[PDB]
Structure formats: C-alpha cells, structure tokens
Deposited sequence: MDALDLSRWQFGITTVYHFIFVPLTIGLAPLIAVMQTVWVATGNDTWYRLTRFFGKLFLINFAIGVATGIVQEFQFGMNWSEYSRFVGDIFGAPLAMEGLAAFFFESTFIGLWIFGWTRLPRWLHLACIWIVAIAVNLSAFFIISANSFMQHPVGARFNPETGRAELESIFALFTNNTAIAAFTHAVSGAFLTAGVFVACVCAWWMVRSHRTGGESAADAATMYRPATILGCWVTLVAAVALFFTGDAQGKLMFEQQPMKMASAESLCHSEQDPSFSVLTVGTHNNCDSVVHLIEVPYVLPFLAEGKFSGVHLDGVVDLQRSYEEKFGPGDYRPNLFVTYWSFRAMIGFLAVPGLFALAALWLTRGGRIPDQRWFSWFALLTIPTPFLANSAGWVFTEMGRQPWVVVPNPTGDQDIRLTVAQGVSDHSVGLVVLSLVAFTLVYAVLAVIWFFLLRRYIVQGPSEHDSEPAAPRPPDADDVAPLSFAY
C-alpha cells in the first residue's frame, strides 16, 4: 500500500548509517600503514605508540562498519525485487566481484594484522596492513561503479523479449565517465575525513599535555606535533583534490543529467519547468522533479562544510611554525568542533547525489537507447505497510543504540590517550615453539 515511502526512508536511513563509518575506515587504513612503515624503517619507537593508539580506534570503527554494511547486501532483494529483476544481469556483476576480490582479502588479512604482533615476521606483518589498505579502496571502486551504472548507464541492450537490461560489455561498464569521477571524489572525501580526525585528536592532546607538565610535557614536542603536521598536510592536499574532482564531476553532471543541475543552482528561465515539459513529452505523463529544497541545501552544506577543516589546518600549520607548541584554550575547542564536519559533508554530498535523481532509479542516458529507465515506483516490492514498519523500526533502533555505544567507546579511548606508561615499547617477538604466558591478544 504505502510501502513506497517507508521503503525509501528505510534504505536512506541504513545507507547513511553505513557511510557514517565507511570514510573513517577508508582514510585511516593507509595512514596507519604509513605510520607503521615509518617505524619499521627508522626504528624510532615514537611511531610505534602512535600506530598502536590509532589501531585501537581503527578496530573500534571497523567492527561497526562491517555490522552496518551487512544488511545492504540483502536489502536489494528484500525491498526492491522488481528493480533487481530489471538490472540484475548487470548490477550483480560488480557486487559479486567485490565480494570475491576485496571483502575476502580485507577480512582475512585484518585478522592476521590483529593477532600477529608477535607471531609473524615484521615484513609480513606490515604487508598485512598494506593489503588491508588496498582492499578497502578496491571495494569502494567496485561498489561506486555499481552505483554509477544506475545514473548514466552505458553497457546494456534491453532485450525486449524478456524485459531485462542484459549486460553487453564489461569494459564499458568499468571505465564509465561517471564512475572515475565519483571514485576520485569519494576517495578525496575519505582522506579528508581521516586527516582531520588525526590532526584534531593530536592537536587536542598537544594543547592538553603542554599544560599538565611534569613528565608528559615532553610527549608533546616528540609525538603530538609531528602527527598534527602530517594530519594538516594531508587535509590540505585532500581539500585541493576535492575541489578539482568536484569541478570535473560537475562538468559531467551538466550534460548527462540536467534535472539535477537545474535543481542544484535553483533560485532559493526557471529550467525546472521547461525540463518538466520536455520530460513529459519524452516519457509520457508524470512528475519528474526532485524535492528542490533538500537538493538546494545539501549542495550548499556539502560545499560550505569545507571551510572549517581548511581554516583549522591553515591555523594549526601556523601556530606550530618553528618548534613551538600552542597552549591557547580556544584552540582545543576549535579542534574539537572541527571533527564532525567531514562526516556532515560526506553525508550531505551523498544525500544530494541520491535525492537529486529522485523520480528515477535508473536514469535514462541521453546518448543511450532510452529503454533502460525505471522510476522508483516500478522498482519497489509489493508488500504491506505492517511488514515494512517492522524492519524500519528494528533497524533504526538497533543502529541508534550501536552508534551511541560507538561514540562512548571512541570518547573513552581518546580521553585515555596512548598508553605509553602501560608497557608500550616495541614488542620483542620471540620465536615460536614456546608456551609463552600471554598471546598478546585474546578478545
């Protein structure tokens, strides 16, 4: 009956929950890999404490990332059956290739990185985290090309004698114009998220440690200042990359999807009505407009939340010029306020992208065959409202409780700080064939 609005709400809620945690993982895996490589190279135990202190947080995030992602795999067939019959022939290949080529790698090798701190040689233990860091980007590429088929589809035929998409070329699907730009933009966003996270955490701990004095006043200059500088440089280069990839992706959006563009730069001639008449003459009657309010303000918020990390990075790179250490109270508050803004910008961008193509679930390609198209009213499953209210309420409640617990754990472990006093030298890793009293990790 009214299962359409409930299904849309459910899918949106769940994907936003998932992408709250995705970018931190994608951006923090390579940073931890670099922090471990610079320790294995130089031998300075300062980066060992940093890589452990951030590995704990990385794992706390990875658990809930996997848990939130697990449902998206089945939601397609559960709530969107008629859509899955239309695009299954094509949509199923990137998903299965992702499952076979990235999920297996990351899942198998993070378990080796967690438990092999004193069982594997050091070079193998470093290769483990490098493999994890590459796999968490391969999976992003696969899934983003999958989504980029839904808007500007390329390699399909639409066999009429069966009513299906029917894939015809995999090379044309994996080298899509939209897919490359979307992948680059999303990777830049994830790296911005992780860089801001590291820089703000280390800036807070640098302002806090300098005031304590005693013995910890020497951890600042040796450990918290270099990490802050690294984070700020990563943030700046990610901001420039975001600007350029976004300009490219906007140039793309102008030509292959004009309704989204006309809805982004709205007043607050008209475009949205001439395109309405054009689409009504092309594809019969119907209403072909997005919300015009969410689409107007998500673009603005996504672009405007970039001024906070940029200003923070530019101020932190100047407050620590030669070798000095900042002690201003307002700097720590600024570092604390700068943390949620990358998450907010990522969510705003993904909400603009998704709710902009809104009457469609497979957008008609202006230079395609015009038969590969599907509004989001012929894609939803035929269920009752009482069956969808159950899933919506259950998922919303479970994910809300898990997110509150996740925030509590991250705040606790950030306030605790790096357990430098709690036995953090480089582990000796003695050879095997010995009943060592601990195992170095046991869940």
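Q) What ranges of the deposited sequence, counted from 1, have no C-alpha atoms in this structure? A) Deposited residues absent from the model fall in 269 to 312 alone.
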